[PDB]
Amino acid sequence: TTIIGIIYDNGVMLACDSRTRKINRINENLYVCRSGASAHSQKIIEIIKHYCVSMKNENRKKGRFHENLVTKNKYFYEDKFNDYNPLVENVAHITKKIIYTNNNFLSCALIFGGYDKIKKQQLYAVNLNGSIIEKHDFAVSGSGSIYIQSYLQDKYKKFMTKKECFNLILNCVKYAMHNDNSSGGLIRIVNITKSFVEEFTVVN
Amino acid sequence: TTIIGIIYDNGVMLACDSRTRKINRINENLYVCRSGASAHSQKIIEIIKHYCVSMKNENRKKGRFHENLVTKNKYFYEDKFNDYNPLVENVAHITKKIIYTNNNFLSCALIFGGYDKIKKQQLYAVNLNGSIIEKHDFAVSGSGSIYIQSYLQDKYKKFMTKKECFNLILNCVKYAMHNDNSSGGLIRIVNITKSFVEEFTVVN
Amino acid sequence: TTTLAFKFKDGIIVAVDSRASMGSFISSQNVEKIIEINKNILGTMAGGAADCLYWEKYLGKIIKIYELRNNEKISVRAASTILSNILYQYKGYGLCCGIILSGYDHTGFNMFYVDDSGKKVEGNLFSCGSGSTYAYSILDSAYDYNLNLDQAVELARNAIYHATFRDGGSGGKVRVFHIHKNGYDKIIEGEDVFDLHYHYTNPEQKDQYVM
Amino acid sequence: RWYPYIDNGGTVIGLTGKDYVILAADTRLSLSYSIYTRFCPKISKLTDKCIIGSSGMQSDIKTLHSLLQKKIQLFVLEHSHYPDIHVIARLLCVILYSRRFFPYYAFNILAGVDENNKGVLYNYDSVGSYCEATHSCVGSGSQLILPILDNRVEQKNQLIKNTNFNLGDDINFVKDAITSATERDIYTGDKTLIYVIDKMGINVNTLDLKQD
Amino acid sequence: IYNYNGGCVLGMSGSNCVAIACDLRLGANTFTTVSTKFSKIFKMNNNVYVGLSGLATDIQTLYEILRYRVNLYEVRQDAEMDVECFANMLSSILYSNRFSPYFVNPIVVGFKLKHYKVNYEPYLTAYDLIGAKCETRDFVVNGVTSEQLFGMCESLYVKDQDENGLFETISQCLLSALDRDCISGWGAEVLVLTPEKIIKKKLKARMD
Amino acid sequence: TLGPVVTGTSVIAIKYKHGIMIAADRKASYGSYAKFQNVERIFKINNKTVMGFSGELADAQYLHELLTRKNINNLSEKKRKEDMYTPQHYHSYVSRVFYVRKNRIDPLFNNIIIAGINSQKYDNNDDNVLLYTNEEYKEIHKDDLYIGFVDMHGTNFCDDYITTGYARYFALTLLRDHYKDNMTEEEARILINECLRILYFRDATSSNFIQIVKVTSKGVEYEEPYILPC
Amino acid sequence: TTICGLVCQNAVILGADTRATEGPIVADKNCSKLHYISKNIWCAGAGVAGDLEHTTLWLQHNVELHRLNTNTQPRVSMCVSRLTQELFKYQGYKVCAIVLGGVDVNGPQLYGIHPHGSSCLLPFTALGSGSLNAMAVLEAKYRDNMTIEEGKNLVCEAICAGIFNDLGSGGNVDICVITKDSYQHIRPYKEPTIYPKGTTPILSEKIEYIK
Amino acid sequence: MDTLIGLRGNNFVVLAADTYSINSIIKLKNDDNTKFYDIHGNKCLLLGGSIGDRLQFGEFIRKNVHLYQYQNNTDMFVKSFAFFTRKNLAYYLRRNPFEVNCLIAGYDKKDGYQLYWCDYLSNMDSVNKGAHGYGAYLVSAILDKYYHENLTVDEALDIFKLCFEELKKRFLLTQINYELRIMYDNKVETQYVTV
Amino acid sequence: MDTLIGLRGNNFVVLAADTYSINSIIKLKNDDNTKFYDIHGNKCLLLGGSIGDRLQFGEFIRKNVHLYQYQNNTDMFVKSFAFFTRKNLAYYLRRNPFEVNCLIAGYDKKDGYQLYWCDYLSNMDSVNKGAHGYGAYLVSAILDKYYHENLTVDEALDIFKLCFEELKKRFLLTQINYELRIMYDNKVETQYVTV
């Protein structure tokens, strides 16, 4: 299992392998990558999706306002200006609380990516137990990522372009799969930007 | 503990940290770097040094023949043409045998570097238990090296120059120290060539 | 932990030592191992000191409540049953209490043995503690009904002495009480076993006593 | 797989006279082999004529002293008299036995002066058992000093005997005993507090010991 | 393991006089005294004594070994052994069985001979079960009652003293120490050795 | 809850003239990995109060949440500047929390330091509090400053200087040997720098990227992180 | 226990405390940790006292025999080698961590020997329960090519601080200075009721006059 | 499990032992004869514990002592016998444990009549009286109460009768039959008692 | 540890139990009375095992049965008694173990004289004869050999005497005193025997 996330200018990228779909769509502008125990991760994902739906419905205002192969799909945000889309920080923190209250049994590492109007693109890491840290540069998790850590540190830049981050994350995942023995399969990548989200997969 | 060995054209280089001297001079053209239990490795190093002295004395022919700070020290080979210097393969294999016969207790990973007339510069890796593998590209060992593996794999070239290999190994060790928590201190590097060996330490 | 109690013509005799140990070290040499549960009922202590003391006092409170309520003195059998039930409620929890409830009620003179495992037994001669075996041996060998009070107290004192003699956990002072129809009297509040040994076994103070 | 018991170490000493009591205690708080601080009193004042000293888990003894003080204050408020030393002793016994299955790691000495001007000392155990005595010691130095007090006070194994004892001699003897414990023990401490309870109130003095 | 057959041995020094005292209990299963004459002090030389505490069988075995070795040395050299040599050989013997050792904690007490007339100097030392020799030059204690003896000696030691004062102090310290231990006691014995003579006495201890 | 996973290294808090100074490295090690090298390990409860940290990160974050919301509640029912809780109050609160958790056998794998000023006669900052957004220093009598320690088992105490983790051996020795009374800010910073350098040389879990905070008459001040001169 | 060692200008300085413990109690208040291997080599160790003493005696006598046979000044590297093989042979079960300081033909040097048989050359080191504090102060104040007086002052600073901080260490401070020719051993370097006759009772006595 | 009793006094020694051979929950015999071992001369060894262990150890010791006496043409002294037994027991304890409790007794022209206790760990020591086995707990005290200097053999047998009655009445394993070995006046006499 | 014996035959039932109160290695009493529990009417309950457990369970069952008998103004049948006891024992086993072996005996106008065996797991079944405790091993076979239809009470007592003699002679714990409970002719007799 290898999970990587990179914050480039005006957007964020998340990439994963496929061995045992590790990226899950919590909301149109909010994705999470899971590593560790599969059952615990899936149950927590379902719970947090329930919570996200609840908060998204709750915070809706009252009246009218604002008067190899690289197969890819694009989804435009339905909620322009993020009037009611939940903040990524709230989702990350509620997940942190849920993990903390059950840390004696729950054992899974999560990486949250998304875009918000208040704080733009963000990247959070929820570690074992109820530990949450906000990463401004990048995040890594899983057995495979350990092999690429230094590599990433060497080739990361402050303000990268879309193609630069694309290539960097693809190479990172490829190296992780090449070295790590428990990571393989086609690479899945998701790009979350200010006004849309595009998900693609590479079979190399 | 991080240990690195890189084979460049007409020579070889070994690099280590200093935390708990990890490179030991078995012979003027034969060095070994050790990771794992300190006492085990030290005893094995003494034993193989004794063995190497024995073989070097044994295979001497009878008559006459052939008629930051980068503080560095240079040593010219006393035995030109390597008339009687033991072959690196023999030393590596006797060490492999010693480890294998006592693999129930001995737990240490060794990497042998040196230059021979028969096979030029060589690199050998003796893993846990009696497993010896000859690496033509490079060898890595210790907890720290795991972090830089991919990095090395990306930046290695078939025929590097002395300065290129020196810079690559120095950066590799620096990254390993930066990421790993149990590696640090001044870096030690040994360059073994066909006619001389130079050892220098970097304090960055 | 050596306790002793036996029944004879003129009532009951109860005897105890005074040692207390935290292992190989004796915390206190003078403790009270006889509790006045009622005006006519006494109970010794063996094993866990705190559990025995607290539960004896709780039983005393319960007996007081019942006696005040119904306006009649409780019987030793009833107190023994209540104590056994309460101790059994804590089965498998670590209590190590062993009690000998002795007293006079409307039925006469009664003695009962109770254990942390709800072991209620009725008899006329009992002893619990690390030195219980020695006390039993010296009682059965020379015990007899219908002997005067002086002989009874002498026998009890001798039994306690010998029990302390061959027991690391028993010693200190020997306390001997006598229970009769109207309450009880303290025949011996405390006697140092030092002079007791040097009067019983080694009357002549010359050379070590070899056994 | 976590053990909720650590011995912070220390020593508390108690002696009685005809109409007074002396209670000394170290003032060192420590861990397995390192010292947290050089000053952490173990003697808490309960009433105007009753104090308590304890050895063991510092948190446990602090909580126990605070709880006992609260109980005493509530009793005074709802009954309009200061409880006697016997009442406080029984209440402490009940409190300690309340946690029969998660007992406090606290060995306690309760010193005071009865309403008849008699020095009374009660020594407890970690689970509730207690007994009155004329001298006591708790903590690491218990096994070390208890024989000294035994020889001084009871004075058995002696033929000449000498029972003439006054307040000054008792204070000096207590200081000597605590100094001996400091010299011959590692957990004892470095600065000791000596409380003296007499008919006319209570007083406190401080003595300096070794620092090793 | 040491509770089984507990014991106590003590030793003190004075002015041209030394004393060694011991308890006289032999028990079983900790809380059952069996005999009241088992003496822990054995004379090894005219001016060298060893007090052993611990498992009785180990005590006897070590005493027999020491007697064998000392007699051999004395016969070969035709002269009395020195306390230094005895202490060193005891350390060596104890260490010889570092693994599977003798469960005994001995102490050595006697006179060091300074030839030139001649002088007698008190000599004392206490050992661990491996042979961890540590000279102290003053009171030495060993046994399950080590803590009580340490406290008593610390409180009562008076530096150099007359032999009568030494006997009084050692007897009082030992009696106080034993009275606070349950698995030790049952009589005490005291030896006061001086160059001119040797006095052996038994105390009227609490025999219960 | 069941054992440390991501842990901090150590903190050092000392009281000096003008207030108290507390320093800690900005790193959280994931065993022997050093995953995060920029972490805020010194939190703030209110003006004249800060909380240390050396232990598991999740428990520290939970305790920070508890303390900050207790401060919010205190402010909500506040009417005079004397109503603000003092460092002693928060120290006792955390001690009680730790004791309860111990009795429940579910401790927090932390060693907390609560440090601040328990006197309100020196400044008028608390009369108009500002949680969002943000002259000469006034000398403070050492009796008006408070530093309190809290252990896993609930053990707690107060002193003039406190350290946790491996700092309890190196920095504690240095302070006991050299610490003075009423030392200016420069001297206190020099001493803290020496202690943290010693820790950096002989502590794998430490680092040279350091955060230093000061609680003074002007409030709580987070100084810019700096790398140790070495 | 607190042991420290340092290399000074063409000299070596070792320092140690003088307290030995038998658990939570201090057995000897003036023990001697420093041990003499040869006229120019010394060691100081922490661990099982018996193992330390036996190993030190064996090493000293072996080194003396080797010097007598070879007629050359002993080498500290030889002492290391011997200790390392001895410890490694015993699987590290003879736990005795030693600091070995000497001045051979190659000049002064210090070695740290660990229970498992590993050795490491160092310019300054400290071992024992108080090792952390002493090493902290050493690293704080240590410098290269110091002077003998400064070296001794720093050696106190180390051992004296370890005494004042750690509970397992205390007493006086012993220091030793090793030079290529001659040595010094400052043992106490810094050092930071009678009963009436007849009181005790007896029941036997026998006087035997010594021949 | 196996009860042994021993009482020594001026010009007499007495040993007593229950006669039972326990296997599982039944008795192989009510007349066990594996507990007493008479050495040539005036010497007796009483063993308690596992039947096989006591058989092996007793046969070994008795035949070694007989070998000594025949080779040297004399009678081993009682003290020498006891200490040789203790040394052998300790040696085997260190290598191959012998779970056996020992009561040595005898008469010597030098030391008179004497008796020796010995635990299964070879915690041997001279004693005027003693007991082995659980039943010991119920007899030792009695032995203290009725024993006194200048005792006579008849009084010793009376004390032993009291001990037997106590074991029969109060000891969990009700022991009834006992065998007695009386050494006195240079005679060794065997008796059987049933309470 | 505690020996119980039960023999049922045409127009008679007999129960037998040793009278001993064992505590550690000593007997508190030789006249134990905590083993028998007589229910109103013709019903007897014999319990073996730890004293406290048998006391609690016997008192509980006896008083519940008395409650039923009074509240319904009738005499509960022996079969109902036995099965109620089994159900209660199984319930407590599943919740709080009662290490107690059970022998129910009774007479009923419907089913005659009957017995009921019950293990400490509530492995209850009707039998014509049975035993509990280690002594069972040494007596059960005897019951098989000498039992035959049309037996009389005297022959039953003879068989019980044989069982007592065997237990005394061969059983590890030499049990001497026994108590007998004889149910016949609408009478319950208590007897004391000593072998």
# chains A, B, ... in the order shown; residues from 1 in each chain; ligands from 1
>>> residues_around(residues="residue 33 in chain F", least_positions_apart="3", cutoff="9 Å", atoms="only C-alpha atoms", output="list in words")
residues 144, 179, 180, 181 and 182 of chain B; 29, 30 and 36 of chain F
>>> select_by_dssp(residues="range 11-204 of chain G", states="strand (DSSP E or B)", output="number ranges by chain")
G: 11-17, 20-21, 25-28, 35-38, 41-47, 96-104, 107-113, 119-122, 124-128, 173-178, 183-186, 202-204
>>> residues_around(residues="residue 81 in chain E", least_positions_apart="2", cutoff="10 Å", atoms="only C-alpha atoms", output="list in words")
residues 44, 45, 46, 47, 48, 70, 71, 73, 74, 77, 78, 79, 83, 84, 85 and 86 of chain E
>>> interface_residues(of="chain F", to="chain D", cutoff="8 Å", atoms="only C-alpha atoms", output="MDAnalysis selection string")
chainID F and resid 99 102:103 105 153:157 159
>>> select_by_dssp(residues="chain F", states="alpha helix (DSSP H)", output="number ranges by chain")
F: 57-76, 87-104, 170-178, 185-201
>>> residues_around(residues="residue 185 in chain I", least_positions_apart="5", cutoff="12 Å", atoms="only C-alpha atoms", output="NGL selection string")
:I and (10-13 or 42 or 106-109 or 112-113 or 153)
>>> closest_atom_pairs(of="chain C", to="chain I", cutoff="7 Å", atoms="only C-alpha atoms", output="Markdown table")
| residue | atom | partner | partner_atom | distance |
| --- | --- | --- | --- | --- |
| C:117 | CA | I:52 | CA | 5.9 |
| C:118 | CA | I:52 | CA | 4.6 |
| C:119 | CA | I:52 | CA | 4.5 |
| C:120 | CA | I:52 | CA | 6.9 |
>>> residues_around(residues="residue 192 in chain F", least_positions_apart="4", cutoff="8 Å", atoms="only C-alpha atoms", output="PyMOL selection string")
chain F and resi 12+23+188+196
>>> residues_around(residues="residue 151 in chain H", least_positions_apart="3", cutoff="8 Å", atoms="only C-alpha atoms", output="PyMOL selection string")
chain H and resi 9-10+147-148+155-156
>>> residues_around(residues="residue 9 in chain C", least_positions_apart="5", cutoff="10 Å", atoms="only C-alpha atoms", output="ChimeraX atom specification")
/C:109,144-149,152,180
>>> interface_residues(of="chain A", to="chain B", cutoff="7 Å", atoms="only C-alpha atoms", output="PDB file with N, CA, C and O atoms, in the first residue's frame")
ATOM      1  N   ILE A 146       7.666   4.701   2.166  1.00  0.00           N
ATOM      2  CA  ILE A 146       8.934   4.841   2.874  1.00  0.00           C
ATOM      3  C   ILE A 146      10.097   4.817   1.891  1.00  0.00           C
ATOM      4  O   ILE A 146      11.127   5.465   2.110  1.00  0.00           O
ATOM      5  N   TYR A 147       9.953   4.074   0.792  1.00  0.00           N
ATOM      6  CA  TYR A 147      11.064   3.927  -0.142  1.00  0.00           C
ATOM      7  C   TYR A 147      11.256   5.176  -0.994  1.00  0.00           C
ATOM      8  O   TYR A 147      12.345   5.398  -1.535  1.00  0.00           O
ATOM      9  N   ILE A 148      10.214   6.004  -1.131  1.00  0.00           N
ATOM     10  CA  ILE A 148      10.304   7.186  -1.984  1.00  0.00           C
ATOM     11  C   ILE A 148      10.467   8.471  -1.189  1.00  0.00           C
ATOM     12  O   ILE A 148      10.664   9.536  -1.790  1.00  0.00           O
ATOM     13  N   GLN A 149      10.403   8.404   0.144  1.00  0.00           N
ATOM     14  CA  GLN A 149      10.443   9.615   0.958  1.00  0.00           C
ATOM     15  C   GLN A 149      11.532  10.566   0.482  1.00  0.00           C
ATOM     16  O   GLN A 149      11.243  11.644  -0.052  1.00  0.00           O
ATOM     17  N   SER A 150      12.794  10.151   0.606  1.00  0.00           N
ATOM     18  CA  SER A 150      13.894  11.021   0.210  1.00  0.00           C
ATOM     19  C   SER A 150      13.715  11.522  -1.212  1.00  0.00           C
ATOM     20  O   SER A 150      13.861  12.723  -1.469  1.00  0.00           O
ATOM     21  N   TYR A 151      13.358  10.629  -2.136  1.00  0.00           N
ATOM     22  CA  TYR A 151      13.166  11.035  -3.521  1.00  0.00           C
ATOM     23  C   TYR A 151      12.232  12.234  -3.600  1.00  0.00           C
ATOM     24  O   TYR A 151      12.584  13.274  -4.169  1.00  0.00           O
ATOM     25  N   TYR A 175       8.023   4.240  -8.490  1.00  0.00           N
ATOM     26  CA  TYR A 175       9.165   3.774  -7.711  1.00  0.00           C
ATOM     27  C   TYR A 175       8.710   3.008  -6.477  1.00  0.00           C
ATOM     28  O   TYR A 175       9.289   1.970  -6.132  1.00  0.00           O
TER      29      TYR A 175
END
>>> closest_atom_pairs(of="chain F", to="chain G", cutoff="10 Å", atoms="only C-alpha atoms", output="JSON lines")
{"residue": "F:166", "atom": "CA", "partner": "G:132", "partner_atom": "CA", "distance": 9.6}
{"residue": "F:168", "atom": "CA", "partner": "G:133", "partner_atom": "CA", "distance": 9.5}
{"residue": "F:169", "atom": "CA", "partner": "G:133", "partner_atom": "CA", "distance": 5.7}
{"residue": "F:170", "atom": "CA", "partner": "G:136", "partner_atom": "CA", "distance": 5.2}
{"residue": "F:171", "atom": "CA", "partner": "G:136", "partner_atom": "CA", "distance": 8.2}
{"residue": "F:172", "atom": "CA", "partner": "G:133", "partner_atom": "CA", "distance": 8.5}
{"residue": "F:173", "atom": "CA", "partner": "G:133", "partner_atom": "CA", "distance": 6.1}
{"residue": "F:174", "atom": "CA", "partner": "G:137", "partner_atom": "CA", "distance": 7.0}
{"residue": "F:176", "atom": "CA", "partner": "G:165", "partner_atom": "CA", "distance": 8.9}
{"residue": "F:177", "atom": "CA", "partner": "G:161", "partner_atom": "CA", "distance": 7.8}
{"residue": "F:194", "atom": "CA", "partner": "G:140", "partner_atom": "CA", "distance": 7.7}
{"residue": "F:195", "atom": "CA", "partner": "G:140", "partner_atom": "CA", "distance": 8.7}
{"residue": "F:197", "atom": "CA", "partner": "G:140", "partner_atom": "CA", "distance": 9.0}
{"residue": "F:198", "atom": "CA", "partner": "G:140", "partner_atom": "CA", "distance": 6.8}
{"residue": "F:199", "atom": "CA", "partner": "G:136", "partner_atom": "CA", "distance": 8.6}
{"residue": "F:201", "atom": "CA", "partner": "G:139", "partner_atom": "CA", "distance": 9.0}
{"residue": "F:202", "atom": "CA", "partner": "G:136", "partner_atom": "CA", "distance": 8.4}
>>> write_last_selection(atoms="N, CA and C atoms", output="PDB file, in the first residue's frame")
ATOM      1  N   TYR F 166      14.034  13.498  27.992  1.00  0.00           N
ATOM      2  CA  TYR F 166      15.472  13.415  28.207  1.00  0.00           C
ATOM      3  C   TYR F 166      16.053  14.703  28.769  1.00  0.00           C
ATOM      4  N   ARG F 168      15.222  15.960  31.399  1.00  0.00           N
ATOM      5  CA  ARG F 168      15.244  15.797  32.845  1.00  0.00           C
ATOM      6  C   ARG F 168      16.594  15.321  33.364  1.00  0.00           C
ATOM      7  N   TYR F 169      17.516  14.947  32.479  1.00  0.00           N
ATOM      8  CA  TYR F 169      18.852  14.513  32.868  1.00  0.00           C
ATOM      9  C   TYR F 169      19.928  15.512  32.476  1.00  0.00           C
ATOM     10  N   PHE F 170      19.928  15.978  31.227  1.00  0.00           N
ATOM     11  CA  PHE F 170      20.940  16.930  30.780  1.00  0.00           C
ATOM     12  C   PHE F 170      20.580  18.352  31.200  1.00  0.00           C
ATOM     13  N   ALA F 171      19.446  18.850  30.702  1.00  0.00           N
ATOM     14  CA  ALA F 171      19.050  20.221  30.991  1.00  0.00           C
ATOM     15  C   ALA F 171      18.840  20.429  32.482  1.00  0.00           C
ATOM     16  N   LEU F 172      18.299  19.425  33.173  1.00  0.00           N
ATOM     17  CA  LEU F 172      18.115  19.552  34.613  1.00  0.00           C
ATOM     18  C   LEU F 172      19.451  19.735  35.319  1.00  0.00           C
ATOM     19  N   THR F 173      20.456  18.945  34.939  1.00  0.00           N
ATOM     20  CA  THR F 173      21.780  19.101  35.530  1.00  0.00           C
ATOM     21  C   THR F 173      22.327  20.495  35.264  1.00  0.00           C
ATOM     22  N   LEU F 174      22.246  20.945  34.010  1.00  0.00           N
ATOM     23  CA  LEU F 174      22.789  22.256  33.675  1.00  0.00           C
ATOM     24  C   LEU F 174      22.096  23.355  34.468  1.00  0.00           C
ATOM     25  N   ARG F 176      20.346  23.126  37.403  1.00  0.00           N
ATOM     26  CA  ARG F 176      20.688  23.048  38.817  1.00  0.00           C
ATOM     27  C   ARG F 176      22.093  23.566  39.079  1.00  0.00           C
ATOM     28  N   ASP F 177      23.021  23.341  38.148  1.00  0.00           N
ATOM     29  CA  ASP F 177      24.391  23.790  38.363  1.00  0.00           C
ATOM     30  C   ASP F 177      24.541  25.292  38.145  1.00  0.00           C
ATOM     31  N   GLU F 194      22.090  26.468  25.529  1.00  0.00           N
ATOM     32  CA  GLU F 194      23.079  25.466  25.919  1.00  0.00           C
ATOM     33  C   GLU F 194      22.408  24.133  26.221  1.00  0.00           C
ATOM     34  N   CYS F 195      21.307  24.168  26.975  1.00  0.00           N
ATOM     35  CA  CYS F 195      20.619  22.928  27.320  1.00  0.00           C
ATOM     36  C   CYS F 195      20.125  22.211  26.069  1.00  0.00           C
ATOM     37  N   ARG F 197      21.194  22.542  22.969  1.00  0.00           N
ATOM     38  CA  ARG F 197      22.325  22.040  22.197  1.00  0.00           C
ATOM     39  C   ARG F 197      22.818  20.715  22.762  1.00  0.00           C
ATOM     40  N   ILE F 198      22.970  20.644  24.086  1.00  0.00           N
ATOM     41  CA  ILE F 198      23.394  19.395  24.708  1.00  0.00           C
ATOM     42  C   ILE F 198      22.418  18.282  24.364  1.00  0.00           C
ATOM     43  N   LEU F 199      21.118  18.571  24.431  1.00  0.00           N
ATOM     44  CA  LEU F 199      20.133  17.558  24.063  1.00  0.00           C
ATOM     45  C   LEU F 199      20.269  17.160  22.599  1.00  0.00           C
ATOM     46  N   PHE F 201      22.880  17.090  20.725  1.00  0.00           N
ATOM     47  CA  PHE F 201      24.034  16.229  20.484  1.00  0.00           C
ATOM     48  C   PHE F 201      23.805  14.810  20.991  1.00  0.00           C
ATOM     49  N   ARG F 202      23.145  14.649  22.137  1.00  0.00           N
ATOM     50  CA  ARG F 202      22.984  13.351  22.785  1.00  0.00           C
ATOM     51  C   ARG F 202      21.515  12.977  22.943  1.00  0.00           C
TER      52      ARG F 202
END
>>> interface_residues(of="chain D", to="chain C", cutoff="7 Å", atoms="only C-alpha atoms", output="PDB file with N, CA and C atoms, in the first residue's frame")
ATOM      1  N   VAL D 127      -4.438  -0.803  53.035  1.00  0.00           N
ATOM      2  CA  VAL D 127      -5.789  -1.271  52.738  1.00  0.00           C
ATOM      3  C   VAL D 127      -6.792  -0.966  53.842  1.00  0.00           C
ATOM      4  N   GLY D 128      -6.349  -0.537  55.023  1.00  0.00           N
ATOM      5  CA  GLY D 128      -7.288  -0.094  56.038  1.00  0.00           C
ATOM      6  C   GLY D 128      -6.947  -0.460  57.469  1.00  0.00           C
ATOM      7  N   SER D 129      -6.244  -1.570  57.677  1.00  0.00           N
ATOM      8  CA  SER D 129      -5.927  -1.996  59.034  1.00  0.00           C
ATOM      9  C   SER D 129      -5.089  -0.937  59.738  1.00  0.00           C
ATOM     10  N   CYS D 131      -3.665   0.489  63.908  1.00  0.00           N
ATOM     11  CA  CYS D 131      -3.510   0.184  65.326  1.00  0.00           C
ATOM     12  C   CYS D 131      -2.784   1.325  66.019  1.00  0.00           C
TER      13      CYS D 131
END
>>> interface_residues(of="chain E", to="chain G", cutoff="9 Å", atoms="only C-alpha atoms", output="ChimeraX atom specification")
/E:46,91-92,95,98,127-136,147,150,155-158,164-165,168-169,171-172,194-205
>>> closest_residue(among="C:189, C:170, C:203, C:155", to="chain E", atoms="only C-alpha atoms")
C:170
>>> atom_distance(atom1="CA of residue 136 in chain B", atom2="CA of residue 183 in chain B")
25.7 Å
